[PDB]
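Colleague: Partial complex follows, first chain(s) only, in situ:
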Amino acid sequence: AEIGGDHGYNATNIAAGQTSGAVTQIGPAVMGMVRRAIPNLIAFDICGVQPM
């Protein structure tokens, strides 16, 4: 009676959308993107600051 089915929780299939029952998924969603933080800077004024 046309079950939905599911991906085998196998990263290769879920990204492609390969399913087990019916209606292959279009694809995953996009929950967001994460990038590494920008490190901070130790203030230069501790040493000599002489613009040449």
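Modeller: All right, it came through fine. Numbers count the residues shown, from 1 in each chain, chains lettered A, B, ... in the order given.
Colleague: Tell me where chain A has helices.
Modeller: Remark: helices assigned in chain A by DSSP state H are A:11-16.
Colleague: At the geometric centre of chain A, which residue sits there?
Modeller: In chain A, the centroid-proximal residue (Cα atoms, centre = their mean) is residue A:33; its distance is 5.0 Å.
Colleague: Pull up the gap between it and residue A:14, please.
Modeller: Distance, residue A:33 to residue A:14, using Cβ to Cβ, to the nearest Å: 18 Å. Just so you know, the C-beta spots here come from the backbone N, C-alpha and C atoms, and that holds for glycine as well.
Colleague: for residue A:39, same thing?
Modeller: Applying Cβ to Cβ to residue A:39 and residue A:14 gives a distance of 34 Å.
Colleague: to the structure above, add chain B:
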Amino acid sequence: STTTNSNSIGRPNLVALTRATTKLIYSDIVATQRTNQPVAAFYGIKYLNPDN
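Modeller: Once chain B is put in with the chains from before, the structure reads:
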């Protein structure tokens, strides 16, 4: 008898250009719809008998 061979012709007149191009037929042969991502997915949805 100053014939026309005494006269010297100047710049010849460029009467007409001529370029060669086929009757390009690709808008009318195939169905086109622009894609917004580097991978395009066309759905195929079918209706089946109880014998598939």
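Colleague: ok so, going back, return the residues in contact with the residue nearest to the centre of chain A.
Modeller: If you count contacts by Cβ atoms under 8 Å, 6 or more residues apart in numbering or on different chains, residue A:33 has none.
Colleague: again, but for the one 4 residues further on
Modeller: Applying Cβ under 8 Å, 6+ apart to residue A:37 gives no contacts.
Colleague: what about the residue nearest to the centre of chain A, distance to residue B:23?
Modeller: Between residue A:33 and residue B:23 the computed distance is 47 Å (Cβ to Cβ).
Colleague: Tally up the residues packed near residue A:24, please.
Modeller: Residue A:24 has 16 neighbours, counted by other Cβ atoms under 10 Å in any protein chain shown.
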